Amino acid sequence: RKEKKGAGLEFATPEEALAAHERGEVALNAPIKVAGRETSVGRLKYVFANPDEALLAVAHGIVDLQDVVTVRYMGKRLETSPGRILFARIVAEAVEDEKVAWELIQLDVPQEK
Amino acid sequence: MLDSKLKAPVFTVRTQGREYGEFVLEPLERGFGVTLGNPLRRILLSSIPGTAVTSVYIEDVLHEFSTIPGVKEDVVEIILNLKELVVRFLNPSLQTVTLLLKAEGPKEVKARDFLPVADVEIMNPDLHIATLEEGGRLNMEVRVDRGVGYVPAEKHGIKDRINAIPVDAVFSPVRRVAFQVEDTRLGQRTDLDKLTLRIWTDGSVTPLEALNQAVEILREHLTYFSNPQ
Amino acid sequence: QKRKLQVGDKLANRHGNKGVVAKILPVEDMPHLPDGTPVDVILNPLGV
Amino acid sequence: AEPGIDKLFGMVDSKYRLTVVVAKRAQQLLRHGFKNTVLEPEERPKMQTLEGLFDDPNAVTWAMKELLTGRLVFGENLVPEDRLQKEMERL
Amino acid sequence: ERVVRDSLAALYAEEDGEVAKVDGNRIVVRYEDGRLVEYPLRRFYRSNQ
Amino acid sequence: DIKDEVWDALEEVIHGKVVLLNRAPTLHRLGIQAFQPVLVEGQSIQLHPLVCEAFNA
Amino acid sequence: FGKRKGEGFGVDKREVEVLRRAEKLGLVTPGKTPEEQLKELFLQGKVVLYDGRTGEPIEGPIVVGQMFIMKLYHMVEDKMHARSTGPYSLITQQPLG
Amino acid sequence: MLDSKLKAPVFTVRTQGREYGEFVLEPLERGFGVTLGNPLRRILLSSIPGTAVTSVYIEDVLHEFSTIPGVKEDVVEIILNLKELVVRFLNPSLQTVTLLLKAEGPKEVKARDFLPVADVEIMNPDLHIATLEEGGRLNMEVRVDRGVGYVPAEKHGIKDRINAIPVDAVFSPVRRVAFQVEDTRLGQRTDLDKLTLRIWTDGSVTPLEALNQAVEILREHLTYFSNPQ
């Protein structure tokens, strides 16, 4: 999902922008799923060690499955929604190996027919 | 009697190590499979006590999104590797434990490389924490408390050093639980329920004792209706 | 004989939304309003 | 399904050969009775209520479970065919 | 109402009056003229279908 | 005169058997498909939804 | 909702989170109290429901109402013309009863 | 018993008559409102034993689809009306009762006209049954039994008379259940749960008794996890 960016989205440059824009999200300055310049405040605010941790935090109603967030997968850091991570995990569990499952899906787009 | 009593739902267990546990209750009367599985799943994911790395302070760290010279992994990566460290306390009296790590020289830093403490234990000593490029000044400490469920770092704000940084806490020992209810059948009727429950746990507690804790908690919670007011 | 509604039977509205009863759920697990009242029939939006 | 159908397809060139092999094995099992099996001692199929898959609940699964072992050999002409095909039908 | 009236499936009061007797199968009604008339009911009649 | 032993025997018979399900306008090869039967209590035939397009059903 | 309040009940927390999600989906205008937000959701004809199997509410509102549903004519068409052995025809022995 | 029991609900009740009862449990730790409400609601709506009409015998008619002369309603209407009859037992050991009814003349036969029995009550005496115009004699027997759940008429198959006609049974004293969880505040933790569940029943069982029975059922079902193997 994506809604709006009413604040200065420029974020690639300033490392003060992390604290300032976290405050902005604390206020109503910028929504969680915002259209920042480089990153949305969701990827900044929450980072997850494993998909299990991300889905567990989802179960506590912290974040919706349609919200992009930073997740550390098998070898890489991804800005993905927990829904896409869950889809990948479903595919990887239905099959035995996970590397094959990871290489035979496209987790960057909606799963159209 | 097979209609209700001899079908005292047989409770079969399949344990694959200290991580994976499948429990099958069968047979069960109609509609009770969900009625048992759902509260059990909520209890497992919500109330099981456990310990997690509440926060970390490092000597040279000022902001949570900084880069540590002499170590390729950044602060974010370091805490991210710190999240999944699991520690078991030895006696119930323990509430909080602060554990330090001093490390230098081009070597790997792992969980076993932490300085020992008598009253704590680590079930994953080979947990590769990070790497030191060349004499990396690795002077850090972690405060670890006991809790229940999952705690976002923002709200609690536990503070030890003025420059220390919060860390999100995952107290629940159970990694995840999934329960399926499948329509089994008896000799004469099909309106019966088979409850399969799969539990993945970090390793602090075996799935058997986690389930026993869950059912005990639910039973004691039920005992709250005895006294009316 | 007094035929009772079961799986084999079929229903329809006045707008032609032809259908067939597929499962009879016990009252407890069907969706209900915030009040205790549970709904009677669940329809798939895909047909609209 | 059945134990390792992918392994079954890998070890034959064409599927119809696989079908005729498994079914001819099933017919042999039926005619001789299930004594002429080559997986008898330990690994035998098992039912749930009892051990009924020791004798004959389904011969096709018996044959396929047999073929996953190396105890089955099949060929276009490995034995003088006439003798077998004219003793098969009279018992 | 038009469909049920025009298709002669129900019974209607042909004139102003008061009901005299109502049973499970017949209804006797006395009209304002003083004439009482009996209407029988097909209690359970098999359809064509 | 039915008995639960009868239904036990019926479950015994069809342990490995298959039956062919068929749809009336058989446009192509997939209008006939084999299946493993599962005894159910009811009147209708329970069909896996994924073959809803193999058949035009 | 007046009958609901007559018993002294406000807004369920499940209703609160459903309202916030619908706000994130643009169904209801933001900045309003749950009362009028839920009223506007009602104006769309959608109300909050609870799954019942889980108890957790269905994410996003659901449209509910009253429909006139009639049971259609039901002859042997459902009945199973399932035979194992039956009458055969005279000319050809193909079985038909 | 204060950090986890005073920070645990008092259990209050607000019941009027024996049809409507609210049970408030406040305050709950977050995550338990649904965890308790859902299983209780399912059990209440599923497996609460009760009493309902089982068999009907008429001195005149010989099958279900006939009609009694002098009676405005058909036998179908009579059975449908009898379906809503509510019977309260006063002796728990008592199982099967056979009420009798005799009436004649211009009688708007209600439920009160049943002949009284030692340990049976009609919580709905005003429930209309029939309308006898004149010269119509209605003599009937209704066999009521205590059961659980729902059973089709032919399934139980109760036949005391050759002329008797069985009816469907609805053994659930509970009419409907609605549980709601809200937010209440405590000094240390602001966001705590208050679980209030409202029960409407048909009078045969007071809501409190039904709730106690459901709690006992859930506890004894949790007992099935006690002995693993």
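Residue numbering begins at 1 within each chain, and the chains themselves are lettered A, B, C, D, E, F, G and H in the order written.
The rule is short, and it goes like this: a residue touches a chain if its C-beta (ideal position, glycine included) is under 8 Å from a C-beta of that chain, and two chains touch if they have at least 3 such contacts.
If you want to know which protein each chain is, UniProt gives these names: B, H = DNA-directed RNA polymerase subunit alpha; D = DNA-directed RNA polymerase subunit omega.
Counting C-beta pairs in contact across A-G and across C-H shows that the higher total falls to C-H. Rounded to whole angstrom units, the spacing between the C-alpha centres of chain A and chain D is 53. With centres defined as mean CA coordinates, chain H is found 44 Å away from chain B. In terms of their C-alpha centroids, the spacing between chain D and chain H amounts to 60 Å. Taking the mean of the C-alpha atoms as each chain's centre, chain F and chain G sit 29 Å apart.
Multi-chain contact residues, meaning those touching two or more other chains, occur in chain C at positions 8, 26, 28-29, 32, 34-35, 38.
Counting partner chains per residue, chain F has residues 8, 43-44 touching two or more of them. Counting partners per residue, chain D has no residue that reaches two or more other chains. Chain pairs that touch one another, listed by label: A-B, A-G, B-C, B-F, B-G, B-H, C-F, C-G, C-H, D-F, E-H, F-G, G-H. Across the complex, chain C meets chain G through its residues 3, 5, 8-14, 28-35, 38-39, 41. Residue ranges of chain F in contact with chain D, taken from their complex: 8, 12, 15-17.
Here chain F touches chain C in the complex through residues 42-44, going by the rule given at the top. Residues 45, 63, 65, 76-77, 80-81, 83-84, 149-150, 152, 168, 170, 172, 175-176, 200 of chain B are the ones that touch chain A when the two sit in their complex.
Every residue of chain G that touches chain C in the complex is listed here, in rising order: 4, 12, 15, 47-53, 58, 62, 64, 67-72, 74, 78.
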